[PDB]
Structures are given as C-alpha cells and as structure tokens.
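Q: Before we start, here is the structure in question, set down as structure tokens.
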Amino acid sequence: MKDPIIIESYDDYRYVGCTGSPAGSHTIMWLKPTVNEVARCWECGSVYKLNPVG
Ligand SMILES: [Zn+2]
C-alpha cells in the first residue's frame, strides 16, 4: 500500500486488469486504485497503485 505496481491512468480514479504478473500466473480480474489511493487483488493478492499522470 505504499507504491507496489503502477497503473498508468490519465483519469484520477481508473480501473486495472492483472493476471498476477506479466508471467500469467492466475486468471484475469479487475480492481481500481485512485490517484490518492491503492487497491489489492484477491487472486495474486498484489496491491496496485494509480498515478497523478495527465
Ligand atoms: Zn491479480
């Protein structure tokens, strides 16, 4: 929940899709960090972050 993984957004509130890793580890699933915030998986359990990017 610091800064684990980056999802390049261009919106403040956008979703993510992971499969665990670039190495295809689990299924596919969908989360949403926010510019201020973070979000956790349930399959890999990785936390993911949004960026302030415009
Ligand atoms: Zn995952």
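Counting begins at 1 with the first residue displayed.
According to its header, this structure was worked out by solution NMR.
The backbone N, Cα and C atoms fix where each Cβ goes, and this holds for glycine too.
Annotated Zn(2+) binding site per Swiss-Prot: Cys18, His26, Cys41, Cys44, in sequence order.
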Q: Output the one of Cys18, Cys41, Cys44 that, of all these binding-site residues, has the highest number of other Cβ atoms within 10 Å of its Cβ.
A: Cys18
Q: Could you name the residues, excluding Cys18, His26, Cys41, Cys44, of the same chain that surround the Zn(2+) site, i.e. Cβ within 8 Å of the Cβ centre of those residues, in sequence order?
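A: Going along the sequence, the neighbours appear as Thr19, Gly20, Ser21, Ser25, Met29, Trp42, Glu43, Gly45, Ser46.
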Q: If H, G and I count as helix, E and B as strand, and all else as coil, what does DSSP give for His26 (Zn(2+) binding site)?
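A: In the DSSP reduction, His26 (Zn(2+) binding site) maps to coil.
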Q: In terms of DSSP three-state secondary structure, what is the assignment for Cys18 (Zn(2+) binding site)?
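A: Once the DSSP labels are grouped into three classes, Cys18 (Zn(2+) binding site) ends up as strand.
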Q: Just jot down the residues in the same chain as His26 (Zn(2+) binding site), at least 6 apart in sequence, with C-beta under 8 A of its C-beta; none if empty.
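A: Spatial neighbours, sequence-distant, of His26 (Zn(2+) binding site): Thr19, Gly20, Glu43, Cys44.
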